[PDB]
Amino acid sequence: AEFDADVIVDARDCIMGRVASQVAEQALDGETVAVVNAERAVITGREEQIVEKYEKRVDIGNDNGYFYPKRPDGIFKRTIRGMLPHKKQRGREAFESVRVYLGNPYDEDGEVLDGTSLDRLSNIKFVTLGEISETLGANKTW
Amino acid sequence: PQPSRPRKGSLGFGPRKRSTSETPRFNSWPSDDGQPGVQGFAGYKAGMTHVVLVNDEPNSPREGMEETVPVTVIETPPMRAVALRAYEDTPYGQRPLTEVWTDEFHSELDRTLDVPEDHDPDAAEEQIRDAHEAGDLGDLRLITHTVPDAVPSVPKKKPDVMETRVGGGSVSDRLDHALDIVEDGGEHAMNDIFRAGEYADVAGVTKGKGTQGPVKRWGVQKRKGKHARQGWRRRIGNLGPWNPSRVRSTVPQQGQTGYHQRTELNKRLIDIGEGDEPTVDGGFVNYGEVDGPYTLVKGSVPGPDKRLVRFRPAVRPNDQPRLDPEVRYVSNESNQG
Amino acid sequence: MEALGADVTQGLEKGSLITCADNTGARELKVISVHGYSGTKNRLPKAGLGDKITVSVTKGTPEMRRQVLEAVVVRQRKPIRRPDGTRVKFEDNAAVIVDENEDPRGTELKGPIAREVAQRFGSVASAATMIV
Amino acid sequence: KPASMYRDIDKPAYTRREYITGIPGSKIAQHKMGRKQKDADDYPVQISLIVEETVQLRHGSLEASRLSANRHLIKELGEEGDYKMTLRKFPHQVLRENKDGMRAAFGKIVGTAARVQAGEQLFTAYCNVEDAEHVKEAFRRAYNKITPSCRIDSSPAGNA
Amino acid sequence: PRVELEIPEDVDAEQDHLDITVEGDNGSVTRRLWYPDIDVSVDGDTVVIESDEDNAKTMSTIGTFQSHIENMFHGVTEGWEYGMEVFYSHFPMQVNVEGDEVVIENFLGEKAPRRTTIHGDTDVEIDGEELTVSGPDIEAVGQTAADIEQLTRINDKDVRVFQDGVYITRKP
RNA sequence: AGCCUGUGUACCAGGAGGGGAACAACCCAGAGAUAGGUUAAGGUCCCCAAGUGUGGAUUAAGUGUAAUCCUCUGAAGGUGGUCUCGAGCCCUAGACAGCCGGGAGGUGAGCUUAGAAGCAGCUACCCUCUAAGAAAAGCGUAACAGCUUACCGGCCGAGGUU
RNA sequence: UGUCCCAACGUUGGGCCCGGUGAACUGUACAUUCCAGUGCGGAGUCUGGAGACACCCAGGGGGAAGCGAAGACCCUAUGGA
RNA sequence: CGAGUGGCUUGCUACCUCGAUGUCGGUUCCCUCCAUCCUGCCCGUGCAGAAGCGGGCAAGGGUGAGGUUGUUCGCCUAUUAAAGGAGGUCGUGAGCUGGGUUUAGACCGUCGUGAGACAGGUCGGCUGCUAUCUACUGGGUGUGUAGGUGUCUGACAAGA
RNA sequence: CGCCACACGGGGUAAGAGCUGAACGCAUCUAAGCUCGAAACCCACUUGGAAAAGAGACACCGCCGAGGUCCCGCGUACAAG
RNA sequence: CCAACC
Ligand SMILES: [Cl-]
Ligand SMILES: [Cl-]
Ligand SMILES: [Cl-]
Ligand SMILES: [Cl-]
Ligand SMILES: [Cl-]
Ligand SMILES: [Cl-]
Ligand SMILES: [Cl-]
Ligand SMILES: [K+]
Ligand SMILES: [Mg+2]
Ligand SMILES: [Mg+2]
Ligand SMILES: [Mg+2]
Ligand SMILES: [Mg+2]
Ligand SMILES: [Mg+2]
Ligand SMILES: [Mg+2]
Ligand SMILES: [Mg+2]
Ligand SMILES: [Mg+2]
Ligand SMILES: [Mg+2]
Ligand SMILES: [Mg+2]
Ligand SMILES: [Mg+2]
Ligand SMILES: [Mg+2]
Ligand SMILES: [Mg+2]
Ligand SMILES: [Mg+2]
Ligand SMILES: [Mg+2]
Ligand SMILES: [Mg+2]
Ligand SMILES: [Mg+2]
Ligand SMILES: [Mg+2]
Ligand SMILES: [Mg+2]
Ligand SMILES: [Mg+2]
Ligand SMILES: [Mg+2]
Ligand code: NA
Ligand code: NA
Ligand code: NA
Ligand code: NA
Ligand code: NA
Ligand code: NA
Ligand code: NA
Ligand code: NA
Ligand code: NA
Ligand code: NA
Ligand code: NA
Ligand code: NA
Ligand code: NA
Ligand code: NA
Ligand code: NA
Ligand code: NA
Ligand code: NA
Ligand code: NA
Ligand code: NA
Ligand SMILES: [Sr+2]
Ligand SMILES: [Sr+2]
Ligand SMILES: [Sr+2]
Ligand SMILES: [Sr+2]
Ligand SMILES: [Sr+2]
Ligand SMILES: [Sr+2]
Ligand SMILES: [Sr+2]
Ligand SMILES: [Sr+2]
Ligand SMILES: [Sr+2]
Ligand SMILES: [Sr+2]
Ligand SMILES: [Sr+2]
Ligand SMILES: [Sr+2]
Ligand SMILES: [Sr+2]
Ligand SMILES: [Sr+2]
Ligand SMILES: [Sr+2]
Ligand SMILES: [Sr+2]
Ligand SMILES: [Sr+2]
Ligand SMILES: [Sr+2]
Ligand SMILES: [Sr+2]
Ligand SMILES: [Sr+2]
Ligand SMILES: [Sr+2]
Ligand SMILES: [Sr+2]
Ligand SMILES: [Sr+2]
Ligand SMILES: [Sr+2]
Ligand SMILES: [Sr+2]
Ligand SMILES: [Sr+2]
């Protein structure tokens, strides 16, 4: 519902962890960031082992709770939270000025951050957040 | 060697707390196949009686023979689809877009809502049709309510409101089908949706029993033999092992039992009539007399008499339909005795 | 097994003593097991009208006593429900000794038998004097 | 008894028979096999089984490996084949076992083993260019019955 | 490394992105040839498969891309065909083509019909006890043939005795 | 054995501070107060101060991102997964593989045997035509038949093989 | 013959709410925890994560190696009877 | 013969606890592991079939009732698809039981001059507490989001 | 102890059966690609769920009055609430 | 099995 982001990042074909690491760095520097097209973000490796790891996080839990996200939306945001001291004041502030979106709700196009791009012509072993979500059982709403 | 044994009670109906809406809310609807049509209806539980039926089952060794069958009488007077709500598809699922209301309202619908005095049915319709052209339209449902007044045995006059999805042919066709119903007055009946012999899923808030112990609530054993005389009769053995050092939510404990929403599947509709054929002599206990639109559901239905029950076309039927079963007898014998 | 044709509330358990309604020489039978049955923890195995059961002979002729044989429950005191809703109950509990083929070991049956048992065990029925 | 109990050289050399009694007999049947009336010099090929790690090999293991090795050389070259194999090590190290808690723990005598330094030749065969692979196979079987990994090194043999 | 495949006169080969389409009098076949650093492209009257890397894994796919393309050439002109013979001992097996799937009945006396959906635009023609599977896409054709055979596979009994089933007689 | 019992030494005990996730004795370091500066161990994608540093190579297993250790496992055995280095031999007088063609006569060798003809067994294992073709390497048959290996020729064209 | 299969309904007194009366046990501190790890090897408090809006009522007792008693066992004391 | 994994048995050690962490078996109630007994899907066979025998994936669900014995285990019986094993302070006594074990009485056998002794046997023989915190099962009051009524959405969560 | 109701079907896989296929002209289920395939995984179904801090959506009513509380008669509800 | 002395 309207988010004045000083920066709009395009995660399409970009390595999730590398984008996350930079969006965290910027958020702590006071930048308001909006990550777009999360469903198209990418994570390298063997799809079978990658999914096994995210499936384990989904199965973990108990009464106290280990609510782990399934949508690429939340997967990505949780990824960023893990790079922020979200329990400290400055950390929660940073984290709260960062939002992730399925598709691109803005008119502008996001920018591709240097060092985070993946070349599909040079890589066959990688997966898509969207693919991971579908496997996890998420309702492909994107 | 400690024999195995399934746990006590199901973990699929929790938490076992008091229901938020006494009016049931379906969490699923039939699939779109036939022509457009309202996918549900409602009524008020009255009581039970039995009926002798001619075995309909083509695979039964008794096909064509007399058969006594238990029936729960539900008074199903006409309802009123008072509005058409449209849902749009978004990155976060379905969300209400707008609603198309009417002008004719039952005299007492104002006991629950603030009835519209100024509304634009065309601006609404317009926005909806534009949503379809755009391809962002989600399912289509009708805001519906009952007419308690039509039922003398039920004291409430305040109508019960529920939303019921409209499925059917193509969206354009059922959207138009929806708008038609609403406009009139929305007055529709049980006949319009169901046919005697079809299978319906019935939803309702069970009978409340307040607080009850593990024995009754979860079906755990009572203490046995010598273990029943030392000071513990209806208490479980232990709340868990030494480790983990906490009580898991899975151990059977005391608490609210009853007054929970339940959706009973594949209830066969034995007969849909009107009048007093099903009524019982002396009147249904704690209810009254029936003489109006009614439905005879095979077997039991969740809830106490007078509670609002909802019907929906069975979403997972096991058997094919065998329309209009032949009823040779309907007991009217007093229920007191 | 073939549908019985009625709903039964098992009126017998493992260890129950019943009447041997035939002329095999066995007067009293003790229920040991119920063919095809599998219960649950602490539950005493139950048998009723129509079930085939393994039995031991508690009372009768020397040659019959203590023999472990198969039988078929023909009568019981606990009611059963027939398709038309009516409940049916007998004066006692009784079974008929039967062989590997389900044919009565005896030559004659004593007392009435439930029609439902006839369906299942025809040869047992083709020995019945009274079928109710 | 597992070899894990004695395969390492983690104890003093214990071989003095003048101070040790009750030493069990060796299970090693022969140390020189094949045609021992002939000299090793009379063969064009000399192949040795070399140990890659320093260890102790109980006499029970030597007998097993030597057996499963020579046995193959017999089955493939005959009870009199033109070859000769040698097991050059002897089990001089006496082994114990404490078989009463840790009190007076010095163990009773239970066996013998040969200490083999890494890089040493345990077995050495001499054959003709023909049966060179038959001896390489006898060794593959033998090193499967002794603790360490081994190298099947070929000495005189430029017939590659 | 680089490999050049002169395209047949009967054929035309267009390609965008990682997708390659081949068309001939017998039809068309489109395939995705995607592997790290292997560039496939249509250079005039020749298709080119090249890469700056030359490790065993790369060479493997290159050689694989070639045969795939040469097969596409063949399929759009000569076409691909597989022959199959329906053999049964005691129970007369009924093999028929219905819609986009070949159906078999009375297999080993089974009341329930076994079936499988035909892949691609693959055509299946049966003449008595003989069956011919054909089309331009060797992938779809080869699988359809294989599927038909697999469709009468039995694991429950000794095959040497129970041999009923449709088998691939000739492979292209 | 985070065991028992010696010995030399430094440490803890009685030793802060920095690092090691935490962590008596592992690393830096021995420390009055206060202040500026530069380093040590260790670290420089984010959490968290410092590189998403440079030249190059390997790895596809999330191996790994784990100095030491009760704490970090991973073994005997196996691997045409892949990368790199070396030796021998063969090859445009056409290698290796594949495909096509030829694989023939004396004679079905002699013996044994009712019979045995490449192929039960024993012994021998010779020469014609020729660009090749065993007294036959493996299946196959009651024995033949039949199908192939050897061996030769062709098509092909660049490395192949140990 | 309800000991059991297999539990149900009921009765009386409590329990629950209200007026009045009105103790004791226990208390280093902090304390909303959960999963792992670490640690004198059996942690709500150390480390890493996860979870966690405050307060209150009823409950059966999983944990606080719960409270109560300077272990009645075992050993040791140039102890006692 | 050689190499390992586990931490169910047993042994070893004496690190923790003697101003006490109640001890076997059983019972009740909950979670889990897989080295799989059954059930699903497979491979091989000394696979005709039916059925066996062996092997692979797989922990969703199931694995029950009885006779002796305190017994665990085990022996035995009839059923069964099968009637698998193991971890949770040998899960579970501020839950139960008290048969065993485990004081004070007593007897037998053996030992001892004797007092008396014996994981030898035998009969009898005591189980406290009003929950502060935390944990969970259910029920409320507030604040936050920020005038009201009605209807929904679905991030998450539970299921066999 | 009585009575009623509690799937089918999809999607992705394991073991396994195969297709196309090269490294290695051949062969090869595998290296890239693909067709299938378990009571197991995901969906289907049921239950909870605006405190989801991105703390939500829609419609109408109302801001001098919509709605609500006290009060009164009662239970389809209930230990207080 | 075992819950101490043997
Ligand atoms: Cl959880
Ligand atoms: Cl934090
Ligand atoms: Cl790749
Ligand atoms: Cl009990
Ligand atoms: Cl039984
Ligand atoms: Cl100092
Ligand atoms: Cl990972
Ligand atoms: K102690
Ligand atoms: Mg009545
Ligand atoms: Mg009556
Ligand atoms: Mg029991
Ligand atoms: Mg079989
Ligand atoms: Mg000191
Ligand atoms: Mg920084
Ligand atoms: Mg690892
Ligand atoms: Mg003391
Ligand atoms: Mg004493
Ligand atoms: Mg004294
Ligand atoms: Mg100590
Ligand atoms: Mg205590
Ligand atoms: Mg396994
Ligand atoms: Mg499970
Ligand atoms: Mg215990
Ligand atoms: Mg306890
Ligand atoms: Mg106690
Ligand atoms: Mg107490
Ligand atoms: Mg006793
Ligand atoms: Mg006693
Ligand atoms: Mg004693
Ligand atoms: Na990665
Ligand atoms: Na989770
Ligand atoms: Na008591
Ligand atoms: Na305890
Ligand atoms: Na001693
Ligand atoms: Na010092
Ligand atoms: Na620190
Ligand atoms: Na890793
Ligand atoms: Na009673
Ligand atoms: Na407690
Ligand atoms: Na004394
Ligand atoms: Na081990
Ligand atoms: Na116990
Ligand atoms: Na299982
Ligand atoms: Na027993
Ligand atoms: Na304990
Ligand atoms: Na007790
Ligand atoms: Na106990
Ligand atoms: Na599936
Ligand atoms: Sr940075
Ligand atoms: Sr609803
Ligand atoms: Sr729902
Ligand atoms: Sr008691
Ligand atoms: Sr604990
Ligand atoms: Sr030593
Ligand atoms: Sr070895
Ligand atoms: Sr870098
Ligand atoms: Sr580099
Ligand atoms: Sr430790
Ligand atoms: Sr190590
Ligand atoms: Sr190895
Ligand atoms: Sr913490
Ligand atoms: Sr209490
Ligand atoms: Sr203490
Ligand atoms: Sr496993
Ligand atoms: Sr099985
Ligand atoms: Sr025993
Ligand atoms: Sr035990
Ligand atoms: Sr237990
Ligand atoms: Sr006792
Ligand atoms: Sr005893
Ligand atoms: Sr005694
Ligand atoms: Sr606040
Ligand atoms: Sr496969
Ligand atoms: Sr809200």
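By convention in this document, chain letters (A, B, ...) are assigned in the order of the sequence lines, proteins followed by strands, and residues within each chain are numbered from 1. Atom set for the values below is all heavy atoms of this structure, side chains included, hydrogens, waters and symmetry mates excluded.
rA65(G) takes the syn form, because its glycosidic angle lies no more than 90° either side of 0. Anti is the glycosidic conformation of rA59(I), whose angle departs from 0 by more than 90°. Glycosidic conformation at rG133(F) (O4'-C1'-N9-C4 for purines, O4'-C1'-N1-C2 for pyrimidines): syn, within 90° of 0. Against the 90° criterion about 0, the sugar-base torsion of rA94(H) places it in the anti range. Nucleotide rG148(H) is shown with an anti base, its glycosidic torsion being more than 90° from 0.
Checking the phosphate oxygens (OP1, OP2) of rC29(H), a side-chain nitrogen or oxygen of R5(B) falls inside 4.0 Å. OP1 or OP2 of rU46(I) has at least one side-chain nitrogen or oxygen of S28(B) nearer than 4.0 Å. Between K41(C) and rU28(H), a side-chain N or O to OP1/OP2 separation shorter than 4.0 Å is present. Contact check, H119(B) against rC60(I): a side-chain N or O comes under 4.0 Å of OP1 or OP2. Under 4.0 angstrom from either OP1 or OP2 of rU46(I) there lies at least one side-chain N or O belonging to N27(B). The phosphate of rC5(G) (OP1 or OP2) has a side-chain N or O of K224(B) nearer than 4.0 angstrom. Between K17(B) and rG49(I), a side-chain N or O to OP1/OP2 separation shorter than 4.0 Å is present. Remark: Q230(B) is in phosphate contact with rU97(H), judged by side-chain N or O atoms under 4.0 Å from OP1 or OP2. Taking only side-chain nitrogens and oxygens, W232(B) never comes nearer than 4.0 Å to OP1 or OP2 of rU28(H). At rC1(H), none of the side-chain N or O atoms of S68(D) fall inside 4.0 Å of OP1 or OP2 (strictly under the cut-off).
At the heavy-atom level, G45(A) lies nowhere under 4.0 Å from the strands shown. The residue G15(C) sits apart from the nucleic acid: no heavy atom pair falls under 4.0 Å. Using a 4.0 Å heavy-atom criterion, one finds that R7(D) contacts the sugar-phosphate atoms exclusively. Counting non-hydrogen atoms under 4.0 angstrom, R234(B) reaches the backbone sugars and phosphates but no base. Counting non-hydrogen atoms under 4.0 angstrom, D114(A) reaches nothing in the nucleic acid. Counting any heavy atom pair closer than 4.0 Å across all strands shown, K157(E) reaches sugar-phosphate atoms only and no base atom. Residue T116(E) is classed as having no contact, given no heavy-atom separation below 4.0 Å to the nucleic acid. Residue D158(E) is in base contact, counting any heavy-atom pair closer than 4.0 Å across all strands shown. Within 4.0 Å of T98(B), counting heavy atoms only, lie sugar-phosphate atoms of the nucleic acid but no base atom. Contact annotation for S61(D): backbone-only contact, meaning every heavy-atom pair under 4.0 Å involves sugar-phosphate atoms and none involves a base. As judged by a 4.0 angstrom heavy-atom cut-off over every strand, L28(A) is placed among residues touching the sugar-phosphate backbone only. The residue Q2(B) sits close to a base: some heavy atom pair falls under 4.0 Å.
Distance noted for atom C1' between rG63(G) and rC34(G): 13 Å (whole Å). Look at the P atom in both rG87(H) and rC8(H): the space between them is 6 Å, to the nearest Å. For the P atoms, the distance from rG159(F) to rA95(F) is 15 Å, rounded to whole Å. Separating the P atom of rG62(I) from that of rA155(H) is a span of 36 Å, rounded to the nearest Å. When the P atom is compared between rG20(F) and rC27(F), the two are found 16 Å apart, to the nearest whole Å. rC155(F) and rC127(F) have their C1' atoms separated by 34 Å, given to the nearest Å. As rounded to the nearest Å, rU132(H) and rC25(G) have P atoms that lie 15 Å from one another.
Adjacent nucleotides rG98(H) and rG99(H) miss the stacking criterion of ring centres closer than 5.5 angstrom and planes inclined by less than 30 degrees. With a ring-centre distance below 5.5 Å and an interplanar angle below 30°, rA57(I) is stacked on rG56(I). Remark: bases of strand neighbours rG112(H) and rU113(H) are unstacked by the 5.5 Å centre distance and 30° plane angle definition. Neighbouring nucleotides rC69(F) and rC70(F) do not stack on each other, since their six-membered rings fail either the 5.5 Å centre distance or the 30° plane angle limit.
One can place CG of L33(E) at 15 Å from P of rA32(I), the figure rounded to the nearest angstrom. When the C1' atom of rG77(F) is taken as reference, atom OH of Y143(D) falls 8 Å away, rounded to whole Å. Here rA5(I) presents its P atom at 20 Å from CD of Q261(B), a figure rounded to the nearest Å. Remark: P of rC76(H) and CD1 of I32(C) are 18 Å apart, rounded to the nearest angstrom. Taking atom OH on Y37(C) and atom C1' on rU80(H), their separation rounds to 12 Å, with Å as the unit.
For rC69(F), there is no paired base (Watson-Crick or G-U wobble, both distances below 3.5 Å). Across all strands shown, the partner of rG66(G) is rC129(H), judged by Watson-Crick or G-U wobble contacts whose two distances both fall under 3.5 Å. Shown here, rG26(H) forms a base pair with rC96(H); the pair counts as Watson-Crick or G-U wobble because both key distances fall under 3.5 Å. Nucleotide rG74(F) has no partner under the Watson-Crick or G-U criteria, as no pair reaches both atom distances under 3.5 Å. With a cut-off of 3.5 Å on both Watson-Crick or G-U wobble distances, the partner of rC55(G) is given as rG140(H). Across all strands shown, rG84(H) forms a Watson-Crick or G-U wobble pair with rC34(H), both key distances being under 3.5 Å. Across all strands shown, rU45(H) forms a Watson-Crick or G-U wobble pair, both distances under 3.5 Å, with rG52(H). Judged by Watson-Crick or G-U wobble contacts below 3.5 Å, the nucleotide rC111(H) has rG116(H) as its partner.
Ring geometry for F65(E) versus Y35(E): interplanar angle over 60°, hence perpendicular rather than tilted (30 to 60°).
Closest-nucleotide positions on RNA chain I for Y35(E) and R92(A) were compared, and the one nearer the 5' end corresponds to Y35(E). Where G237(B) and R78(A) each meet RNA chain G at their nearest nucleotide, the meeting point lying more 5' is that of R78(A). Each of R81(A) and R246(B) was matched to the nucleotide of RNA chain G holding its nearest heavy atom; the match closer to the 5' end belongs to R246(B). Along RNA chain I, the nucleotide closest to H68(E) and the one closest to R268(B) are compared, and the more 5′ of them pairs with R268(B).
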TODO: Indicate for each nucleotide in nucleotides 73-81 of chain I, in 5' to 3' sequence, whether protein heavy atoms under 4.0 Å reach the base (B), only the sugar-phosphate (S), or nothing (-).
DONE: ---BSSS-B
- [ ] Determine, for nucleotides 148-160 of chain H in 5'-to-3' order, which nucleotides have protein heavy atoms under 4.0 Å from the base (write B), from only the sugar-phosphate (write S), or from neither (write -).
- [x] BSBBSSS-SSBSB
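For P241(B), the side chain to side chain contact (heavy atoms under 4.5 Å, CB included) test picks out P244(B), with sequence neighbours left out.
Scanning both residues, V205(B) and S19(B), for their nearest heavy atoms gives CG2-OG, 3.9 Å.
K298(B) has its side chain out of reach of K267(B): every pair of non-hydrogen atoms, C-beta onward, lies at least 4.5 Å apart.
A donor-acceptor pair under 3.5 Å is formed between the side chain of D201(B) and the backbone N or O of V315(B).
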